[PDB]
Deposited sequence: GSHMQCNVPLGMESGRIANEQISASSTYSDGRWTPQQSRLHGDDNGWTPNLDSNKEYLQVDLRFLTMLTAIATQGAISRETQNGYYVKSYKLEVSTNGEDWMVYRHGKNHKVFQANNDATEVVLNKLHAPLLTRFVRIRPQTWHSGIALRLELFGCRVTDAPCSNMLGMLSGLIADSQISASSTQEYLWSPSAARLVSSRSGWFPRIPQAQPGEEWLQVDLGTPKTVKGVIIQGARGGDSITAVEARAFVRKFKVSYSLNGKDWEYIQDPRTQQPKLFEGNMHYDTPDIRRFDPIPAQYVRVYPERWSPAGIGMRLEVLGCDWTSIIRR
């Protein structure tokens, strides 16, 4: 299951992966002291306010499912400090941020009640991200924070490997679309995370079923899912269908077994925070994502395909 400590306490998250908006000026409450069960104070900002944050760089896209926090007792004075509530803010690139929401509004996490006890919060909806910010909203005596993050990698699941949109392994020539906003479009614009724009059809406010992004994997693969992202009025896909082809001639949609019709996948709720959509493994060389509904600003999309190698050999 996806609830493994990501490496604050263990040290797997190295000191340099931990930063903050600021730190207490005497240098005794650095971001690097924010490790859960740490024995030397904790992180404390320059000023106590709701505009400060602790930031963890997880290096690569990671599933985040839970957060645990403590306050800290001062080694110098024995005074206890703890955060009573915080907001969560995430990013795939460090520039584009999403404040975690519960329905319409920002989720306010209830945190500590003392300086020693661990308080764990499970996300009601797990989160694909790289950068994590904890932003204290209320505190006792002052802000002090020790932290653990919980989750897993996408590739922890079997046959899940990112097939090469993000990494560039899938070349520009292998990425194509029904139409593009600009002509002499660069196919790299459609790459999950690494792109700084996105694929936009000629009129992003387009017609359902008419537009598509196609990935040619170059050889047949076992395809088990996609990761969809919006684009940099924010543009993202809200609903989509997926079709696939082994031979480049015949296509099929992934079916909703319950409805006996092409499956309508849920898209994104934000332009940056991506969403994983898995499905029953299918042999395919070509995959198309067909946007059906989108945000008010129209279709904008970055994408990655998930799977592994295919075997045309099935035993008899």
Regions left out of the model, expressed as runs of the deposited sequence counted from 1
1-4, 237-245
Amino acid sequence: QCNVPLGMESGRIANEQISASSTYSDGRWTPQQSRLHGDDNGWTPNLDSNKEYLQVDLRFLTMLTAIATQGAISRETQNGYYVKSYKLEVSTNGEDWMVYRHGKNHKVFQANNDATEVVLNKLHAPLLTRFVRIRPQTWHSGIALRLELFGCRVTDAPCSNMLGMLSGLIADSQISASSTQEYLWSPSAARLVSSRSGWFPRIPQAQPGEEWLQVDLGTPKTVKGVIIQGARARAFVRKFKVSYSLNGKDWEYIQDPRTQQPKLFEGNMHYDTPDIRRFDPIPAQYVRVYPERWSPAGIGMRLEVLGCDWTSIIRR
From here on, numbers count along this sequence of modelled residues.
Entry B factor averaged over C-alpha atoms, 279-287 against 253-261: higher for 253-261
Stretch exceeding the other in mean C-alpha B-factor - 110-118, 193-201:
110-118
So among 49, 268, 55, 44, who wins on Cα B-factor in the entry?
49
Looking only at 178, 207, 91, 174, the Cα with the top B-factor belongs to 207
Looking at the temperature factor on the CA atom of residue 216, which third of the chain's modelled residues does it land in?
lowest
Could you place residue 70 in the lowest, middle or highest third of its chain by Cα temperature factor, using the values in the record?
middle
CA B-factor placement of residue 302, once the chain's modelled residues are sorted into thirds:
lowest
Third assignment of residue 230 from its chain's C-alpha B-factors:
lowest
Can you work out whether the C-alpha temperature factor of residue 135 puts it in the lowest, middle or highest third of the chain?
middle
